[PDB]
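One structure is given here, and the rest of the page talks about it.
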Ligand SMILES: CC(C)(COP(=O)(O)OP(=O)(O)OC[C@H]1O[C@@H](n2cnc3c(N)ncnc32)[C@H](O)[C@H]1OP(=O)(O)O)[C@H](O)C(=O)NCCC(=O)NCCS
Ligand SMILES: CC(C)(COP(=O)(O)OP(=O)(O)OC[C@H]1O[C@@H](n2cnc3c(N)ncnc32)[C@H](O)[C@H]1OP(=O)(O)O)[C@H](O)C(=O)NCCC(=O)NCCS
């Protein structure tokens, strides 16, 4: 069978996606231990406010997005709760083809169905590609900020 | 009575502080309507996770701080929940005297007693004075980021 190509599926990560997801995520956060990633998957799966999305193509995972629902203050946002995009990543060899586009779309649709008026997100200044992408997908830059931590 | 000066009290904003607080806050967020500020005071007062602190000096309000407890992800933080410093402001004519220092201290002590391992905060790049202050009070700059919003 050849006149076509071979479909891509954006699916919500359930437990049978845990290794595909872990595999891609190790490349978004190289520095976060396999154990850590596993812990996270468990947490995500079970939580009402956490969701992930995997973009499967011909039985393999080529991109994912990590969304959460924020009930706290959220830089540049007017309403609550907010659908935040915590992490999105598409295998190099599949970028600029609308994958992250669909992934982000499925993170919006999830957050809409969960009450969220706005889909927030964030990126690093050194991340120009990320910055552009956000703009291309209709995200408006709201504010830039510096964060601090102090132990209690 | 003269050999001394005249004590300053950092107190947690209850309802009999609502106009002193509103008065100072109008100068942190000029652009937020008196109505809005009032709404906020009500909300703060009643919520388990919201707290404010007023620095009273000789019966008048000279500085305040707005803290919240964050249960969502928090840029540059390792634990949850986090005591976030949403807003701090000290009348011009009282800065550089340790007021914000005590105010921030009382926001830490509140957030400690509420489980928080870390006290987070944030500021704008154009805010050099804020930036310095944070450093002086032992806050380490964790990360800088750009935020985005998209409607759902
Ligand atoms: C951000 C990232 C997920 C984008 O993936 P993607 O597959 O390239 O996304 P899309 O192809 O759907 O791009 C959507 C839009 O961004 C633009 N864009 C994508 N890649 C771009 C690039 N590398 N440089 C400039 N513009 C780019 C597309 O042209 C545009 O399409 P449009 O014609 O509808 O405007 C990224 O490439 C990634 O996979 N790697 C690093 C992870 C990262 O940056 N994370 C961000 C938050 S954690
Ligand atoms: C940030 C602000 C609250 C500081 O108030 P403050 O009364 O001056 O704070 P403190 O005097 O307790 O200062 C603590 C430390 O910061 C330093 N500092 C204070 N003001 C400073 C200034 N104007 N320039 C440089 N360093 C400064 C103090 O020297 C230092 O004391 P230390 O000897 O213990 O290191 C500010 O001045 C304010 O009131 N106005 C604008 C509001 C704002 O910037 N908000 C920030 C987050 S919403």
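Numbers here mean position along the shown chain, with the first residue as 1.
Per deposition record, X-ray crystallography, 3.0 Å.
Cβ coordinates are placed from backbone N, Cα and C, and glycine is handled just like the others.
Taken from the PDB entry as is:
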SEQADV    B:1-7  expression tag
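Over in Swiss-Prot, the protein carries these features:
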DOMAIN    B:8-152  domain 'N-acetyltransferase'
BINDING   B:29, B:32, B:73, B:86, B:122, B:143  substrate binding site
BINDING   B:88, B:89, B:90, B:96, B:97, B:98, B:99, B:100, B:101, B:127  acetyl-CoA binding site
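When the Cα atoms are compared, residue B:90 (acetyl-CoA binding site) and residue B:122 (substrate binding site) turn out to be 17 Å apart. Between the two most distant C-alpha atoms of the annotated acetyl-CoA binders (B:88, B:89, B:90, B:96, B:97, B:98, B:99, B:100, B:101, B:127) there are 19 Å.
The 10 Å shell around the Cβ of residue B:122 (substrate binding site) contains 25 further Cβ atoms across the protein chains shown. In three-state terms derived from DSSP, residue B:99 (acetyl-CoA binding site) belongs to a helical segment. Over all protein chains present, the Cβ of residue B:143 (substrate binding site) has 15 other Cβ atoms lying within 10 Å. Using a 10 Å Cβ-Cβ cutoff, residue B:32 (substrate binding site) registers 13 neighbours. Note on proximity: of the binding-site residues B:88, B:97, B:99, B:101, the one nearest residue B:32 (substrate binding site) is B:88, by Cα distance.
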